[PDB]
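Below is one structure, written out as structure tokens; comments come after it.
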Amino acid sequence: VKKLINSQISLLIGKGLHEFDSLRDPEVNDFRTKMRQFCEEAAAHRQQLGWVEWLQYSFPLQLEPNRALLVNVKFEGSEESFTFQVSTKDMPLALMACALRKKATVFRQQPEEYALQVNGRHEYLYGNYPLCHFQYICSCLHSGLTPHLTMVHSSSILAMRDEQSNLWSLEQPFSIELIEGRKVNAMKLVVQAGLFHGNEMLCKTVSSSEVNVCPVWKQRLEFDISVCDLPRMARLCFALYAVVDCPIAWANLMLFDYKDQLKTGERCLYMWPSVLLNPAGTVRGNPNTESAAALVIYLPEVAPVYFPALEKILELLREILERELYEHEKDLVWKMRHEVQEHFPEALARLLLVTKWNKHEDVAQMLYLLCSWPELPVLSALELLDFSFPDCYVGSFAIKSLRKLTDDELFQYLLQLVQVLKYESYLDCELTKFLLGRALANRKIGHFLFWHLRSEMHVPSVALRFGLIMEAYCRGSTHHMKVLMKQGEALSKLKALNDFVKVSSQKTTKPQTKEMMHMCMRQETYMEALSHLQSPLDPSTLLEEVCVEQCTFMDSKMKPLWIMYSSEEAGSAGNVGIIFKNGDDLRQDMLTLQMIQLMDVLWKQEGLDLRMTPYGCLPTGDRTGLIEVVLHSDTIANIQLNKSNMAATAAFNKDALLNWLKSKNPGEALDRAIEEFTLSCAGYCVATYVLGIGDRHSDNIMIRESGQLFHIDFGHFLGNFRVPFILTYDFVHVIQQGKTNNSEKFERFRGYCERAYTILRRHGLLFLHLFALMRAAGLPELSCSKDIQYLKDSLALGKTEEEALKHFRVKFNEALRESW
Ligand SMILES: Cn1nc(-c2cnc(N)c(-n3cc(C(N)=O)cn3)n2)nc1C1(c2ccccc2)CC1
């Protein structure tokens with residue numbers, strides 16, 4: 001009973017629960033007990049919610065940030081359906097009233113007792129919102145398809161909820177005895193030590209004696225800082241290197257434990273391999289104790305000393321700079337700390353950075369202001385999550401201010417908040433409790449929290465923390481654990497299938513590999529594992545019956561799988577596809593697509609719809625992930641191949657794109673396609689310029705039959721090969737309706753580029769704060785400040801709106817001149 005759950009969690013999280021116990025770590029055991037109770041209490045609160053509130057948990061509303069339409073409606077236990085001519089301005093309730101009235105006339109005799117289910121999807125339409133505010137309806141309006149809904153009664157939803165139940169005295173300087181090492185390298189060994197509070201030094205780094213490569217030291221290392229001046233989040237950072245400089249390894253550790261006790265005495269530090277000091281690095285040792293170089297040290301006893309409780313802490317030209325500052329400016333800000341709190345609360349981040357964290361008096365003064373500091377906007381609170389603000393009280397304050405995040409905003413920044421877990425010092429933290437509580441209150445948040453954590457289980461520095469969080473999540477969600485295992489079983493089968501395809505593609509022809517891929521898929525174990533799951537890309541998308549005949553693979557290096565699905569209940573909306581990719585890291589593609597999706601959110605919040613294609617991309621495992629198939633689309637290169645006997649037969653290369661559009665959009669449909677092409681082109685022109693996406697060719701640009709242009713394969717961003725704006729002749733030709741000269745259409749296009757750009761510029765700090773939190777990911781192209789700088793230049797944030805739009809025209813006209 002409880003035994004099967006534990007063995008289900010182990011298989012699902014990818015780590016045995018026994019491994020947690022084998023550690024004999026009271027920090028681990030205390031996380032597990034406290035979080036289990038927390039997560040079980042979150043599960044209990046859920047079983048007592050109202051049926052609409054339960055819908056808000058399991059099926060949160062997929063909303064969008066007058067005119068009539070046909071809508072098909074049916075009731076749960078019947079095939080009989082009714083089609084109505086409703087208005088987009090109508091609310092679900094009015095639609096539910098019509099359906100109950102038409103059922104009353106047919107069946108010969110209350111709308112608040114029902115909810116509208118999207119046929120063959122894990123999506124519902126409810127709440128006081130007009131129909132055109134729903135994403136599914138909007139998808140059905142832009143394409144032209146008929147929405148299909150099922151009237152679900154309150155008791156049927158309640159049946160779902162039920163079958164888914166579970167001190168200052170120490171004035172002496174800080175010192176450490178550096179005992180000995182046990183490493184490998186070709187020279188002498190120096191052990192550089194240092195004390196840090198986040199990204200900054202609490203004193204100057206102290207080095208060890210040059211001991212030969214053939215190691216013993218037994219050397220006292222004293223730091224220029226008093227033991228009573230040690231901030232609660234003080235970090236001792238070591239670096240072992242070879243010299244005649246060659247780095248060998250690194251290790252960090254917190255001076256206080258999870259129970260606030262200043263650590264004593266002997267410690268063996270299992271070092272991590274080096275690429276010199278790494279304060280941002282994990283404060284947990286290398287779990288590969290058999291091959292890791294170790295540093296044995298001694299924490300001299302000062303006697304049990306604890307960090308003082310909050311009661312003890314609480315007991316103990318300005319405007320022209322507030323928009324990188326000199327020593328005198330820092331002193332000014334500190335003296336005026338009371339003015340900052342009262343008249344500039346949003347400048348807290350700038351005041352936290354000027355405070356002397358190496359002086360216990362200065363810290364307590366700042367902490368007394370923080371304890372009475374007013375709640376900050378989400379935008380400011382996001383800056384406070386950075387490794388640049390390590391203090392636990394500052395971290396707690398950031399969470400307190402982030403509690404007002406809507407489930408939509410939290411979902412948009414979820415990727416960033418999971419990376420911040422990597423900067424954390426202890427297992428039990430406010431961010432974890434926050435993430436878990438929000439995940440257990442929203443099944444879509446929970447789904448993506450799981451997948452962001454599961455995708456990093458093969459990374460030894462996060463495996464313990466991520467495995468512990470996932471376990472606690474499962475305790476508060478036994479039914480979801482089973483749903484996610486079904487996803488893991490399919491992904492496990494797709495891995496084996498892709499391994500076969502890789503082998504078979506080197507030994508025979510594609511029609512032979514495809515047929516045996518099909519033969520492998522038609523096996524019962526594969527038919528069952530690959531069918532009837534929630535999509536890991538989107539839990540509201542149901543991947544029902546696998547369409548073997550339609551399944552294939554791509555010709556690229558890793559031979560990615562093309563898996564098609566169909567759903568009788570969903571009709572046409574159930575015709576969905578997934579791309580299984582194994583061999584490449586999908587983290588950067590995901591980040592890039594999330595950033596484009598954010599841009600689209602921001603343009604839509606300003607009334608601008610640039611017709612973007614925000615398709616799913618999700619890393620699931622070690623160099624493994626999924627991509628959502630965008631159907632009725634092709635690469636520009638494929639359309640430009642000019643294949644014979646087709647409807648897009650072109651005399652000139654320039655005509656191929658427009659000829660393809662004309663064949664997919666005949667008559668009055670053509671003008672609509674050109675508008676879609678132009679809007680989406682402006683969006684991706686701005687997005688790729690702002691994000692610095694280079695290596696753009698006809699093979700990584702796609703078009704939908706609707707005319708919408710989109711980008712694939714984001715292997716390089718932030719100018720990593722200063723990329724210019726890009727305008728292609730083939731595109732300009734389509735924008736200009738197949739005419740050589742058309743200033744009317746081109747100046748409108750230039751306006752879309754101008755507008756899209758200035759909108760992003762106003763939210764330029766949002767992009768900067770999100771990319772700075774993403775530095776914790778370890779993406780080779782987002783590792784330092786020079787990566788962040790690219791965004792600052794492309795957005796021209798250190799300029800005025802009038803001066804930035806001029807600089808954009810300079811770059812736009814350069815791209816138009818390069819266009820043949
Ligand atoms: C018809 N079609 N549709 C797509 C498509 C649709 N939706 C996407 N999201 C997408 N993405 C590709 C990547 C990537 N990084 O490879 C990412 N997204 N590709 N690709 C094809 C082609 C093709 C399919 C299947 C077999 C051979 C060839 C190439 C004709």
Side-chain angles (χ1 to χ4, degrees), residues 13 15 20 23 25-35 38-39 196-200 231-237 250-261 263 269 272 278-287 307 352 357 381-403 410 413-439 449-450 452-457 459-473 769-770 772-778:
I13 76 171
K15 189 176 262 280
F20 297 142
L23 293 178
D25 203 309
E27 194 196 346
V28 164
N29 306 338
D30 285 341
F31 180 91
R32 301 185 70 202
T33 57
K34 184 166 170 196
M35 290 298 110
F38 169 79
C39 296
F196 291 85
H197 197 247
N199 281 314
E200 215 67 276
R232 177 59 185 86
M233 303 282 129
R235 201 169 270 232
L236 175 52
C237 306
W250 68 264
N252 301 343
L253 67 301
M254 299 303 288
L255 306 174
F256 298 82
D257 67 16
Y258 79 103
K259 291 270 196 71
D260 321 324
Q261 204 191 98
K263 294 176 180 171
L269 317 166
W272 297 96
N278 197 37
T282 188
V283 294
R284 188 168 291 269
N286 194 337
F307 200 87
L352 290 166
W357 296 94
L382 281 174
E383 196 189 343
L384 296 175
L385 297 168
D386 204 36
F387 190 63
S388 239
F389 303 106
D391 178 69
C392 43
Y393 286 104
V394 171
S396 185
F397 181 80
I399 304 305
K400 184 169 82 72
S401 292
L402 287 164
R403 289 186 191 274
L410 167 74
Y413 320 135
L414 182 52
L415 180 53
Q416 285 77 37
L417 315 176
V418 172
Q419 302 312 124
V420 160
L421 290 177
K422 302 182 184 197
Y423 287 149
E424 294 283 359
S425 286
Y426 309 105
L427 300 168
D428 191 351
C429 62
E430 293 311 312
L431 178 62
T432 297
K433 203 178 160 191
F434 179 64
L435 287 169
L436 246 3
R438 292 305 290 257
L449 179 63
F450 178 83
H452 293 320
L453 304 163
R454 189 58 182 85
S455 66
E456 309 245 58
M457 283 305 289
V459 183
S461 54
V462 298
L464 175 66
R465 186 194 294 271
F466 286 15
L468 283 172
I469 302 167
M470 280 185 286
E471 179 203 359
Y473 181 74
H769 293 155
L770 291 174
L773 298 180
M774 279 306 302
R775 274 188 65 169

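Numbers here are sequence positions counted from 1. Atom set for the values below is all heavy atoms of this structure, side chains included, hydrogens, waters and symmetry mates excluded.
Residues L421 and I469 approach most closely at CD1-CD1, 3.7 Å, considering heavy atoms. Contact record, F434 with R403: CE1-CA, 4.1 Å, taken as the closest heavy-atom pair. Residue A234 comes nearest to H197 through the heavy atom pair N-CD2, 4.5 Å, listed as atom of the first residue, atom of the second, then distance. Residues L382 and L770 approach most closely at CD1-CD2, 4.3 Å, considering heavy atoms. Considering every non-hydrogen atom in both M35 and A472, the closest pair reads CB-CB, 3.8 Å. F20 and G467 make their closest contact through CZ-C, 3.7 Å (heavy atoms, listed as atom of the first residue, atom of the second, distance).
Atom CZ in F466 sits 12.5 Å away from atom CZ in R454 (nearest 0.5 Å). Distance check, rounded to the nearest 0.5 Å: CZ of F307 to SG of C392 gives 7.5 Å. The CE atom of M254 sits 3.5 Å away from atom OG of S425, with the distance rounded to the nearest 0.5 Å. Expressed to the nearest 0.5 Å, how far OG1 of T432 lies from CG of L427 amounts to 8.0 Å. Rounded to the nearest 0.5 Å, atoms CG (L255) and CG (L236) are 5.5 Å apart.
With sequence neighbours excluded, the residues satisfying side-chain hydrogen bond (donor to acceptor under 3.5 Å, both in side chains) with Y258 are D30. With sequence neighbours excluded, no residue forms a salt bridge (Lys or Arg N to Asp or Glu O under 4.0 Å) with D257. The side-chain hydrogen bond (donor to acceptor under 3.5 Å, both in side chains) search around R32 returns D21, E471, not counting sequence neighbours. Applying the side-chain hydrogen bond (donor to acceptor under 3.5 Å, both in side chains) test to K263 and every residue at least two apart in sequence or in another chain returns nothing.
Applying the salt bridge (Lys or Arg N to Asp or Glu O under 4.0 Å) definition to pairs two or more places apart or across chains, those involving residues 415-428 are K34-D428, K422-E456. Sorted by first and then second residue, the side chain to side chain donor-acceptor pair (under 3.5 Å) pairs involving residues 381-392 (not counting sequence neighbours) form an empty list.
Although no hydrogens or angles enter the test, the distance criterion places a donor-acceptor pair under 3.5 Å between the side chain of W357 and the main chain of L352. Using modelled atom types, one side-chain atom of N252 and one backbone atom of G281 make a donor-acceptor pair closer than 3.5 Å. In this structure, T33 contributes its side chain and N29 its backbone to a donor-acceptor pair below 3.5 Å. Counting only distance, with no hydrogens or angles, the side chain of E430 and the backbone of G395 share no donor-acceptor pair below 3.5 Å. Using a distance-only test at 3.5 Å, with no hydrogens or angles considered, no donor-acceptor pair links the side chain of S401 to the main chain of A398.
Contact check for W250 versus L269: no side-chain heavy atoms found under the 4.5 Å cut-off. Side-chain contact between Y426 and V283: absent, with no pair of heavy atoms (C-beta onward) separated by less than 4.5 Å. Residues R465 and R284 have side chains not in contact (no heavy-atom distance under 4.5 Å, counting atoms from C-beta outward). When side chains are defined from C-beta on, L453 does not count as touching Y473, because their heavy atoms never get closer than 4.5 Å. Inter-residue side-chain proximity for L385 and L402 is flagged as met; some heavy-atom pair is nearer than 4.5 Å.
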key: Worked verdict on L23 versus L464 for side chain to side chain contact (heavy atoms under 4.5 Å, CB included)   = CA-CA 10 Å; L23 293 178; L464 175 66; 3.7 Å; yes
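Remark: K400 NZ is packed, more than 12 non-hydrogen atoms of other residues, nucleotides or ligands lying under 6.0 Å away. The 12-atom threshold is not exceeded at CD of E200, counting heavy atoms of other residues, nucleotides or ligands nearer than 6.0 Å.
Each of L431, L417, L435 was compared with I399 under the side-chain contact (heavy atoms from CB on, under 4.5 Å) criterion, and only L431 meets it.
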